[PDB]
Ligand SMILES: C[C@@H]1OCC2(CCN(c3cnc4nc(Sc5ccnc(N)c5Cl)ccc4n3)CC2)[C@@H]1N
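Just one chain follows, in the form solved without the ligand, and it is written as structure tokens.
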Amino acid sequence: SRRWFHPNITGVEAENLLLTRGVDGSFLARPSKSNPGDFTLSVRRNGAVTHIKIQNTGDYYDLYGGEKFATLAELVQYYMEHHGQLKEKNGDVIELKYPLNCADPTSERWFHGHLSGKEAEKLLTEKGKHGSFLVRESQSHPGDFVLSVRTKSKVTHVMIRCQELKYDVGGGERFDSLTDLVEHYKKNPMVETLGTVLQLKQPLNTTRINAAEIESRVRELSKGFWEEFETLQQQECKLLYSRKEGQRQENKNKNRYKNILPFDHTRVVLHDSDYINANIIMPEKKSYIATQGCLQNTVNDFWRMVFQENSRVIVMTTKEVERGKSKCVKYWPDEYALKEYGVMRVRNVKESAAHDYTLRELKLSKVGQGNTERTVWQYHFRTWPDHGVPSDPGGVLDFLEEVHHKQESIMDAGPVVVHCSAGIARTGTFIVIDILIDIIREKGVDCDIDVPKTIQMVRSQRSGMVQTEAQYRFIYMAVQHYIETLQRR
């Protein structure tokens, strides 16, 4: 987990922590209380503490005096090692040496706080498998905690004693935080005298729901969304995969933002150089490619990729110059016009304007070979607001239904190409919504969906997909809308 992240702390307290149990080079990150959605990097230097603003533009994380990033975890990783170059406007170096770990277990998946043993047993019974576990506060002995584990099946309760600030299960080693304890016993499982192993394989799932009762869950979260989202973020340390190819000198100018790079193990490798800032996304039979908006020097690469991957549908989530900002170089010809882009040729056959989007029917082929020609349908979503999300998800739902049918009607088509600015925020929101609806569309409303687990899966294929709580909520709203305007049928 992001040990260096402190969820319910204030600027003043954060100083006290670093001034008492931190040294020079000590750091932590916290949500900003002054700014909804923003964050702060409290660093200790020269016996004193600075607070560096980390803003979430809605598309990425912007570090004042630093770079832009897809996740906080990738941010800290970047300054904690290779290219440790964090400076003040004076030009002096701020070093991140020692993560100051948080004892507060609140946004841990396994932590349920105030909860009864009868309630906990219920959950573990019908939401659990071998290895499911959770940690609640003891109703019985206050200050202590109970670990409850599921393993012809049983549930087992182990007391966790809190003595003089440390935690122990009644013997052995005494830990500093409940997170320390849990990690230890995940790795070093408690055993019974009668020979049962108390395995801790995965926290008990509290986010999976049945699509039918989506309305009841949205009710609860709206009463929350914030907790669920934060718990999702606390998992991004499990996703720090290699992005070495994107860091090659030759590939640097091929990225819209230098530190927002494709994971090596899912990047699109261009044959016939080989680099593009794009990742294949496969749900765990429609697949996706998530990519940044084009750069003037990457347009030929965009079409190479489209041709190579056999994509027949493109989804463009950014509108034509939103206001005073380049979010994508125009990479398609004017209507009726025909253009070459390196070895690739594109004719714009026709444009249909809908209310929420524009459709361009494009003909793509390699130069020299007429036989390689295929129609690519570019779906250009136009009404996404400059700030936040659409008030109503209907326009988005309608847009995806059309994309889905187009894709479904074209035999043996490759991945649907989805892109926005950096290719992680709206790109992430559309893809997840589409994956969720796909599941419902195929399996009906008596099916299990887990929004956060779905985002996690996708985030293991491209960095930091889905950026904001608003996007998180909107995904929920979108799915609820689909369910409702479906049951009425």
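All residue numbers are counted from 1 along the displayed sequence.
As for the form deposited with the ligand bound, it is not shown, yet the points below apply to it.
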_Exactly one residue in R360, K254, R109, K406 has a non-hydrogen atom within 4.5 Å of the ligand in the deposited bound form; which is it?_
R109
*Heavy atom within 4.5 Å of the ligand in the deposited bound form: which of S177, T151, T231, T266 fits that? Just give me the one.*
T231
*Just one of 305-313, 204-212, 142-150, 368-376 has residues with a heavy atom within 4.5 Å of the ligand in the deposited bound form, so point it out.*
204-212
*Can you check whether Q199 is within 4.5 Å of the ligand in the deposited bound form, heavy atom basis?*
no
*Using a 4.5 Å heavy atom cut-off, state whether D334 contacts the ligand in the deposited bound form.*
no
*Taking heavy atoms only, is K453 within 4.5 angstroms of the ligand in the deposited bound form?*
yes
*Using the partner position in the deposited bound form, report whether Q235 sits within 4.5 Å of the ligand, counting heavy atoms only.*
yes
